[PDB]
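Enquirer: One structure, as structure tokens, below. Some questions next.
Since every read-out is calculated from the coordinates, none of them should be taken as a lab result. Here the Cβ is made from the backbone with ideal geometry for all residues, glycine too, and neighbour counts use every protein chain on show.
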Amino acid sequence: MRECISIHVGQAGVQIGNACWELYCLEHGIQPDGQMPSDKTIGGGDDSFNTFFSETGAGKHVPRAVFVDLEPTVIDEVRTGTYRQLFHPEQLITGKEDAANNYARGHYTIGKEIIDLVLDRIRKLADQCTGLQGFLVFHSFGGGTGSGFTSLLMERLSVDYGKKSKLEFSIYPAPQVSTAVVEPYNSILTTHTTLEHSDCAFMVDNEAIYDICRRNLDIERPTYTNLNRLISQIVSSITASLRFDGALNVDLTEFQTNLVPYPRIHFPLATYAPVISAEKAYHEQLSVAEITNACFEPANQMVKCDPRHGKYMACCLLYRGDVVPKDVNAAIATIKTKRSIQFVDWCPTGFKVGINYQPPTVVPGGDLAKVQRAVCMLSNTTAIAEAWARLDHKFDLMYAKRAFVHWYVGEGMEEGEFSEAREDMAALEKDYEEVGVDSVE
Amino acid sequence: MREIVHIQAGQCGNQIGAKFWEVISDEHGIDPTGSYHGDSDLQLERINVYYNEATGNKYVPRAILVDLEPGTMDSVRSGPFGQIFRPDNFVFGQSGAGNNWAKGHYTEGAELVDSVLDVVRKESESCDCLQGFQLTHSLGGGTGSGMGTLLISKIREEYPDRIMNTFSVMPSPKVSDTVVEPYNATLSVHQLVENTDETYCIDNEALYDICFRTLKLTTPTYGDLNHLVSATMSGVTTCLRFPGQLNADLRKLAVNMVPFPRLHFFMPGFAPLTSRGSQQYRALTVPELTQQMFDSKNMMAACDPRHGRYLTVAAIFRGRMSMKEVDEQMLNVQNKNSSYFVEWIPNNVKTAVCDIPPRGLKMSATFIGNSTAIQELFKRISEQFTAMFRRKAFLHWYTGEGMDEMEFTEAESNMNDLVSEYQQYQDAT
Amino acid sequence: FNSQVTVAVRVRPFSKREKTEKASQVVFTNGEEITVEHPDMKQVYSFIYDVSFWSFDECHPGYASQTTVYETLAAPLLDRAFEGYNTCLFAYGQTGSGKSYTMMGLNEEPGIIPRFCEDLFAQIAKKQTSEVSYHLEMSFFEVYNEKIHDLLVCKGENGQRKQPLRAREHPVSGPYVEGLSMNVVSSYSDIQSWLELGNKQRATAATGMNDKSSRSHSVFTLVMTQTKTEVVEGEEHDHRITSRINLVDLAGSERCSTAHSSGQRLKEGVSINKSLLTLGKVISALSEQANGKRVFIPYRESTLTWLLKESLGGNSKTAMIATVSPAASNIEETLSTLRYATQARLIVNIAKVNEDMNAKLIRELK
Ligand SMILES: CC(=O)O[C@H]1C(=O)[C@@]2(C)[C@H]([C@H](OC(=O)c3ccccc3)[C@]3(O)C[C@H](OC(=O)[C@H](O)[C@@H](NC(=O)c4ccccc4)c4ccccc4)C(C)=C1C3(C)C)[C@]1(OC(C)=O)CO[C@@H]1C[C@@H]2O
Ligand SMILES: Nc1nc2c(ncn2[C@@H]2O[C@H](COP(=O)(O)OP(=O)(O)OP(=O)(O)O)[C@@H](O)[C@H]2O)c(=O)[nH]1
Ligand SMILES: Nc1ncnc2c1ncn2[C@@H]1O[C@H](COP(=O)(O)OP(=O)(O)NP(=O)(O)O)[C@@H](O)[C@H]1O
Ligand SMILES: Nc1nc2c(ncn2[C@@H]2O[C@H](COP(=O)(O)OP(=O)(O)O)[C@@H](O)[C@H]2O)c(=O)[nH]1
Ligand SMILES: [Mg+2]
Ligand SMILES: [Mg+2]
């Protein structure tokens, strides 16, 4: 088999994990109580797979997930929610208090007495794995818990297990929209560490998915209960290769070795075909040829990043449903055929491909309509450095006068630690320039 | 009787194996259970070529499966013909290489190759007269390549007198699957050329165009392309299992095809295909088959001969035919299109004929070619390689498993050398 | 220096074997020119060489001992070694033609190899000064069934101690062996001890053609580095040269019709003939190259050629020695050998001296 762990840290991930496990259970005919009246009716099928869900003797199934956010008023929603009789009650609500946008509490002060259990219950989970492992950690950058905690966890995990893929689906801080003033402090301080431990940190933005939700989905007034689902589908579109069959299936490690030229540039993006509403569910064929153009459209990017201000290093596409390989080959050729899309000289190969048969499902209460096929795209480009530029500059201004810092120092973080990340992130930006520049002889 | 061990390694191979036996079973009157229900002893006189027998007049194939890192394991077993395969021959591990050759050669495959090799020894010892080995794989990937060449070498040391054949899907010029194929393959070629008697270079792109235009199929799948690969695999050995006016075998193919020990890569082809409609709009003749046979668009290798020349070919026909028309037709080709052929080989072609046609055809043929056009594929992989190597574009992933720069370098020198060798004879004299 | 290879020849006389089964003479030396009479007396082939010796008899002019042959053939290569040139000498010919008897010889009449070796050690004694410091190393290995084995290793204790090695190609200096235990030389005495061990452990065997046959290929490498003063007022001893000497004892065709044998015997014979054929093709394309022909050289078709690439060509002052018999029983073999040699004269490489002024500025100033 293959196994994969879902961890949700903070609120942003937990709220998502609610969206994720909802889809997973639905996609696999599983009921909220872990039961399988569909398996009762069928009498067969391994659908309730060990990829994501354990199983007991009673026919109940349990997902491989934990979570913690140091905020009981969220997890408790799940302890009372419809899925309360799903999860293992050893979900770690230690939320005596919250990190409150302060990295240091989650990393140093109150990261204590919490992380000891996170690792423990994790070990218990790995001990049930007779196969692959790989970690899905859901957090938000700029946050007080989604970072200061998730810095510790990946560090400890790089020690206990080390030789496992450690993936992250994470909210990047937007250029304009912010729910805090300390995102830049909180964000940059994080990158100093997760750069070294992780191997692939899939990033997203809320501004982009917002605009997306308006245009294609015809949604005037979105909220987290519509955004997360898109973020959930993407995660499925990845992981579906593990649970279902397919002509060209992919594991998690396959991504790591193809998208990641050098150890330190593991910061890619994502898109999809959520161009769907019940009205526009018609009037289009939704061919392999259409979507692939869309999957390079600047507008349908999930972060506020102009690719056309940079170049592509490597890319991977994961299709679902009734999909024909030949049609993919024509389509990818077309994508090279276009001149706006500038690749590095390095990679005439450029592309990876993966394909599954199992089409997407739809959640009732939802918006994205039914289809016969869909794709997910991932991409590593240089354009993001500009976004990294924004955060380093925002930092620069409100650090110079050392604003807000006495708080972080008030928890014990030394002044210079700020600069340490800065020199790093500047050097990181410098790396994107080195590589982006064409080669010579 | 001559006996072969067939091996499956990699997502692409096992499916080819999967489609393969489905054809052989049909060519021998066997069911998904392994029972006989045919109508001719000919389907049984030489069944021991590919299969072993079992108690209740069942017939087990000599197939082995080694990259069943389980994701494709169920795919094979829960299939229309999954059940015939020896369950004990389902060898595997876990934690797939992620297309990293080194994992597929040095670390993981190292742990597993013993076991698969042990099983091979059994199937070997159970034979009466072992001839050669038949591996399916692909380059560019981790398992099919690394574990392949590993397993190929060891077997060669154990059976160096014997034959080792492969049918290896090659990386494309244009449409990639993985992004490190230049890395994954060139390493393979380094070990492939040196530990092989022949290999059949197949490209996906040609198969697409082939099925797209001549077969006039608008929705082809990986399931159907393979259906053509299995044909050639069967045609090469039709004269082995079945009789004819003029017999052929694997050893007889090489010695007439391999002038120099390193130029043992080939460009196969197969006839006839007509998209069902035009079936009413032709008739099957020897010149007809020959015409498709040397068709520049029926070459599944994607190396246009017309920019190069042939060293030697083998045109294995199958059915009731007259030899005069056969031998005449090759001569015509040698005559009219002589510039595509070598002077210093006086006759640039051989032949072979088996008197047993396939399931629903009156006459069929199989093409085998050795040509200078193969240079082009080899340049591509080399040119793609260097552009990445000099910057160490993806290198760090292998070095984490213990490879070093020399190894990547070594293969490069070797691959370029193979090119130059072909280029030696590329110019007419 | 685009320059040619010295090709030398030695007609050994007939033996007890011919005495028992009469085999006439057909090779004849006009002082040095080689002439062969067909037993049919229909043709005389003749071949010209840069060097000849007539060991058929001790008396007629043209005769030469091991050391006469040395100072004809190998002492000049000693000279070019101290000049700094890499150098090669390799043997060729059939079984029982004294190919070892010439290169290595035995205890009582050792070969060109030991003669050169003592000459080299004493030639270093001639300049054992602080003007130039000298450092000499050597390796010694064997080729059997395309497998490489170390002659200077005391094997362990086991049923199978013939530890194989493998080859690797430095992008600059070319091929080399992993684990090749190149050892330091203090003197010809040490060289002698090393050679004794290696020739003892060599996979050789008795047969129907000779009492002891070189059934494996042998390579004997020396490399002498010499660090000299530069022409500066500062660090003077910053110049160095290296010179790589390569002495090669090959095997013979051993046509199975006379070399009636079985099993591993025939296996070794097959591998040998295959190797020598590959070498011959290399030699031929090299000759064509020397004729100005643009030609692909299948160095890689085996191991011998691959390792000896820089010696068969490359950058070295080189030579070959061909051993031939007088008995008409093997006239075909001797003719093949002579044709190999007379073609071999035509070969050239481009030979210079290995200063290796790397991180030195010396070559750049030059
Ligand atoms: C059945 C029939 O009368 O119709 C023909 C047919 O329409 C044609 C077009 C067949 C058909 O070929 C295809 O339809 C096809 C589709 C996708 C990919 C590959 C093939 C046929 O399937 C192919 C099939 O050939 C065989 O039966 C041989 O067994 C062939 N393999 C199989 O088709 C086969 C596959 C699974 C199970 C059983 C048989 C074969 C190939 C190599 C070595 C031995 C046998 C034949 C005569 C036909 C059909 C069935 C329509 C052709 O191929 C063969 C081998 O005959 C395509 O051009 C030829 C000409 C045939 O007339
Ligand atoms: N996309 C998305 N983002 C969310 C959601 N919920 C919260 N966020 C983001 O989370 C960020 C707020 O900081 P968080 O890291 O969530 O705070 P936390 O994780 O609860 O830990 P604290 O910072 O201590 O609250 C904001 O940028 C929000 O946009 C959600 O459902 N979807
Ligand atoms: N010209 C010669 N004069 C006197 N004795 C010779 C001469 N050539 C060879 N011999 C002796 O006769 C023997 C036959 O030579 P031999 O050493 O068998 O050839 P070889 O070099 O071993 N060939 P191979 O074993 O294939 O490498 C040797 O032991 C020599 O001592
Ligand atoms: N003809 C054919 N090719 C395939 C099929 N599946 C995968 N491939 C090819 O095989 C390659 C994938 O390599 P693979 O062997 O899966 O990698 P590995 O198994 O990890 O070594 C890709 O280039 C695919 O185009 C198939 O069903 N048929
Ligand atoms: Mg919080
Ligand atoms: Mg000898």
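Enquirer: If you take every DSSP beta bridge fully contained in the range C:2-350, what fraction is antiparallel? Give it as a percent rounded to 5. Intermediate values should be presented prior to the final figure.
Expert: Details: 49 of 68 bridges.
Counting DSSP beta bridges with both partners in the range C:2-350, the antiparallel share is about 70 percent.
Enquirer: Let me ask something else. Per residue of B:383-390, how many C-beta atoms from partner chains lie within 10 Å of its own C-beta, taken as a mean?
Expert: Values: counts 1, 4, 0, 1, 7, 8, 0, 4.
The per-residue average across the peptide is 3.
Enquirer: How fast does the range C:115-176 diffuse by Stokes-Einstein, in µm²/s, taking the Kirkwood radius from C-alpha pairs at 37 °C and 0.692 mPa s?
Expert: 216
Enquirer: Before anything else, pin down the relative contact order of chain A: Cα pairs under 8 Å, at least 6 apart, normalised by residue count, whole percent. Provide the component values of the computation, followed by the final result.
Expert: Working: 763 pairs, mean separation 71.1, N = 441.
RCO, chain A: 16 percent.
Enquirer: Would you compute, for the Cα atoms of the range A:308-438, the largest minus smallest coordinate along each principal axis and list the three values in descending order, in whole Å?
Expert: 58, 47, 20
Enquirer: Then there's this: With the calculation restricted to Cα positions, what are the radius of gyration and Dmax of the range B:304-429 in angstrom?
Expert: Every Cα atom of the range B:304-429 included, Rg and Dmax give 20.8, 61 Å.
Enquirer: Under the rule a/c < 1.5 gives rounded, and otherwise a/b versus b/c splits prolate from oblate, where does the range C:322-366 land using the Cα gyration tensor? Mind dumping the intermediate values first?
Expert: Values: a/c = 8.31, a/b = 4.59, b/c = 1.81.
Prolate, because a/c is 1.5 or more and a/b exceeds b/c.
Enquirer: Would you mind checking the pairs A:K96/A:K394; B:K154/B:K174; A:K311/A:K430; A:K96/A:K124; C:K126/C:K200; A:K430/C:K360 and listing those with alpha carbons more than 26 angstrom apart?
Expert: Working: A:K96/A:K394 32 Å; B:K154/B:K174 34 Å; A:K311/A:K430 15 Å; A:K96/A:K124 24 Å; C:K126/C:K200 32 Å; A:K430/C:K360 34 Å.
Over 26 Å Cα-Cα: A:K96/A:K394; B:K154/B:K174; C:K126/C:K200; A:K430/C:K360.
Enquirer: Which distance in nm do the two modelled labels at C:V51 and A:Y161 give, with both placed 7 Å along the Cα-to-Cβ direction?
Expert: The modelled label-to-label distance comes out at 7.0 nm.
Enquirer: Between C:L361 and B:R213, how high is the FRET efficiency from 1/(1 + (r/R0)^6) when r is the Cβ-Cβ distance and R₀ = 60 Å? Nearest 0.05. Before the final figure, lay out each step's value.
Expert: Details: r = 64 Å, r/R0 = 1.07.
It comes to 0.40.
Enquirer: Run the reach check for B:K350 against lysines, Cα to Cα strictly under 16 Å, same-chain hits fewer than 8 apart removed. What comes back?
Expert: Straight-line reach from B:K350, under 16 Å: B:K252, B:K324.
Enquirer: For a Förster distance of 60 Å, can you work out the FRET efficiency between the beta-carbons of C:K200 and A:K401, rounded to the nearest 0.05? Don't skip to the end; give the middle numbers.
Expert: Values: r = 84 Å, r/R0 = 1.40.
Between C:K200 and A:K401 the formula returns 0.10.
Enquirer: What is the magnitude of the charge dipole of the range C:2-119 about its Cα centre, with +1 placed on the Cβ of each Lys and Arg, -1 on the Cβ of each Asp and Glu, and no other charges, expressed in debye to the nearest 20?
Expert: Values: 10 positive and 16 negative charges, 97 e Å.
Dipole size: approximately 460 debye.
Enquirer: Over chain B, with a Gaussian network built from C-alpha contacts below 10 Å, which listed residue (B:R380, B:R282, B:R121) shows the highest mean-square fluctuation?
Expert: Evaluated over chain B, the most mobile residue of the options is B:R282.
Enquirer: On a straight-distance basis, which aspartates and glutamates could pair with C:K309 in a cross-link, Cα separation under 19 angstrom, same-chain partners fewer than 8 positions away excluded?
Expert: The reachable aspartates and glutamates, counting only those whose Cα sits under 19 Å from C:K309, are B:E194, B:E410, B:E412, B:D417, B:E421, C:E142, C:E146, C:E169, C:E178, C:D249, C:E288, C:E301.
Enquirer: Give me the inter-chain shielding for A:257-269: mean count of other chain Cβ atoms within 10 Å, whole number please. Please list the in-between numbers first.
Expert: Values: counts 14, 8, 2, 3, 9, 7, 3, 1, 0, 0, 0, 0, 0.
Mean number of neighbouring Cβ atoms from other chains: 4.
Enquirer: While we're here: What FRET efficiency do you get for A:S178 and A:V363 if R0 is 30 Å and r is their Cβ-Cβ distance, rounded to the nearest 0.05? Mind showing how you got there, number by number?
Expert: Details: r = 29 Å, r/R0 = 0.98.
Efficiency, from the Cβ-Cβ distance: 0.55.
Enquirer: Translational diffusion coefficient of chain B at 25 °C, 0.890 mPa s, Stokes-Einstein with Kirkwood Rh over Cα pairs, in µm²/s as a whole number.
Expert: Working: Rh = 22.1 Å.
It comes out at roughly 111 µm²/s.
Enquirer: Okay, next question. Would you please state which residues of the range A:214-231 a label at A:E279 would reach in this model, taking the label point 7 Å out along Cα→Cβ and a backbone N cut-off of under 20 Å?
Expert: In the range A:214-231, the label zone of A:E279 (backbone N under 20 Å from the point 7 Å along Cα→Cβ) covers A:214-223, A:226-227.
Enquirer: With only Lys, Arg, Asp and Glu charged, each at its Cβ (+1 for the first two, -1 for the last two), find how big the charge dipole of the protein assembly as shown is about the Cα centre; round to the nearest 20 debye.
Expert: It works out to roughly 2800 debye.
Enquirer: In addition: Volume per residue, Å³, of the convex hull around the alpha-carbon atoms of the range A:384-441? Present the calculation step by step, with values, prior to reporting the outcome.
Expert: On the way: hull volume 4.9 nm³, N = 58.
Normalising the Cα hull of the range A:384-441 by residue number yields 85 Å³.
Enquirer: Where the eigenvalues come from the Cα gyration tensor of the range B:193-331, what are the semi-axes √(5λ) of the equivalent ellipsoid, largest first, in whole Å? Walk me through the numbers on the way to the answer.
Expert: Working: eigenvalues 114, 85, 44 Å².
Equivalent ellipsoid semi-axes, largest first: 24, 21, 15 Å.
Enquirer: Over the Cα atoms of the range B:260-373, Rg to Rh with Kirkwood Rh, two decimal places?
Expert: On the way: Rg = 14.3 Å, Rh = 14.8 Å.
Reported Rg/Rh (Cα atoms, Kirkwood Rh): 0.97.
Enquirer: Also: At 10 °C and 1.306 mPa s, grab the translational diffusion coefficient of the range A:198-269 from Stokes-Einstein with a Kirkwood Rh over Cα pairs, rounded to a whole number in µm² per second. Intermediate values should be presented prior to the final figure.
Expert: Details: Rh = 14.3 Å.
Diffusion coefficient, whole number: 111 µm²/s.
Enquirer: Sticking with this structure for a sec: Tell me which residues come under 5 Å, amide H to amide H, from A:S439 once H is placed; ignore anything under 5 positions away on its chain.
Expert: Here the answer is A:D345, since their amide H atoms fall under 5 Å of that of A:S439.
Enquirer: Another question, if that's okay. Of all the Cα-Cα pairs you can form in the range A:269-383, what percent are over 16 Å apart?
Expert: Values: 3987 of 6555 pairs.
The share of Cα pairs beyond 16 Å in the range A:269-383 comes to 61 percent.
Enquirer: Report, please, the projected area of the range B:374-429 averaged over directions, based on the convex hull of its C-alpha atoms, in nm².
Expert: Working: hull surface 16.6 nm².
Average of the hull's projected areas for the range B:374-429 equals 4.1 nm².
Enquirer: Taking amide H positions as placed in the peptide plane 1.01 Å from N, state which residues far from B:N52 in sequence (5 or more) or on other chains have amide H under 5 Å from it.
Expert: Long-range HN contacts for B:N52: B:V60, B:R62.
Enquirer: Sticking with this structure for a sec: What share of the DSSP beta bridges in chain A is antiparallel, in percent to the nearest 5? Please list the in-between numbers first.
Expert: Working: 16 of 43 bridges.
Of the beta bridges lying entirely in chain A, close to 35 percent run antiparallel.
Enquirer: Quick one: Karplus J couplings for the range B:313-327, per residue in order, coefficients 6.51, -1.76, 1.60, θ = phi - 60°, nearest Hz, x for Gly and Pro?
Expert: 9, 9, 10, 8, 9, 8, x, 7, 9, 9, 7, 3, 4, 5, 5
Enquirer: Mind checking the full-extension length gain between C:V184 and C:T229? Use 0.36 nm per residue of separation minus the Cα-Cα distance, one decimal, nm. Walk me through the numbers on the way to the answer.
Expert: On the way: separation 45, 0.36 × 45 = 16.20 nm, distance 2.28 nm.
Using 0.36 nm per residue and subtracting the Cα-Cα distance, I get 13.9 nm.
Enquirer: Let me ask another. Connecting C-alpha atoms closer than 10 Å in a GNM of chain B, tell me which of B:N335, B:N89, B:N48 has the biggest fluctuation.
Expert: Result: B:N335 has the largest fluctuation of those listed.
Enquirer: Now, a different point. Students often check this: by mean Cβ neighbours within 10 Å, which of A:11-20, A:335-344, A:371-380 ranks highest, and how do the rest follow? Don't jump to the answer; show the numbers that get you there.
Expert: On the way: A:11-20: 24.1, A:335-344: 13.7, A:371-380: 21.0.
So the order, starting with the most tightly packed, is A:11-20, A:371-380, A:335-344.
Enquirer: While we're on this one: Using only C-alpha atoms and all pairs of different ones, pull out the Kirkwood radius for chain C in Å with one decimal. Mind showing how you got there, number by number?
Expert: Numbers: mean 1/r = 0.0464 Å⁻¹.
By the Kirkwood definition, the hydrodynamic radius is 21.5 Å.
Enquirer: I've got another one for you. For the residue pair B:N332 and A:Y224, what label-to-label distance in nm results when each label sits 7 Å from Cα along the Cα-to-beta-carbon direction?
Expert: Each label point is offset 7 Å from its Cα along the Cβ direction, giving 7.8 nm.
Enquirer: Here's a follow-up. Tell me which residues come under 5 Å, amide H to amide H, from A:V137 once H is placed; ignore anything under 5 positions away on its chain.
Expert: Here A:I7, A:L167, A:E168, A:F169 satisfy the definition.
Enquirer: Let me ask something else about it. With a 10 Å cut-off between alpha carbons and a GNM built on chain B, which of B:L395, B:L151, B:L377 moves the most?
Expert: Highest fluctuation of the listed residues: B:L395.
Enquirer: Hey, any idea what Rg/Rh is for chain A, computing Rh the Kirkwood way over Cα pairs? Mind showing how you got there, number by number?
Expert: Numbers: Rg = 21.4 Å, Rh = 22.5 Å.
A ratio of 0.95.
Enquirer: For A:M413, A:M398, B:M388, what's the fewest-to-most ordering of other Cβ within 10 Å of each Cβ?
Expert: On the way: A:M413 21, A:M398 15, B:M388 24.
By the 10 Å Cβ count, ascending: A:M398, A:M413, B:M388.
Enquirer: Could you name the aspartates and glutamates whose alpha carbon sits less than 18 Å from that of B:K362, not counting residues in the same chain fewer than 8 places away?
Expert: The reachable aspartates and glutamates, counting only those whose Cα sits under 18 Å from B:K362, are B:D26, B:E27, B:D39, B:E288, B:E325.
Enquirer: Next question, about the same structure. Can you give me the Rg/Rh ratio for the protein assembly as shown, using Cα atoms for both radii and the Kirkwood formula for Rh? Provide the component values of the computation, followed by the final result.
Expert: Working: Rg = 36.2 Å, Rh = 35.0 Å.
Ratio of gyration radius to Kirkwood radius: 1.03.
Enquirer: Moving on. Here is the link list: A:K370/B:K19; A:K40/A:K280; C:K22/C:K267; B:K103/B:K392; C:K267/C:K317. Which ones come out longer than 28 Å on Cα distance? Intermediate values should be presented prior to the final figure.
Expert: Working: A:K370/B:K19 33 Å; A:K40/A:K280 37 Å; C:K22/C:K267 31 Å; B:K103/B:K392 18 Å; C:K267/C:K317 34 Å.
Where the Cα-Cα span goes over 28 Å, the pairs concerned are A:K370/B:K19; A:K40/A:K280; C:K22/C:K267; C:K267/C:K317.
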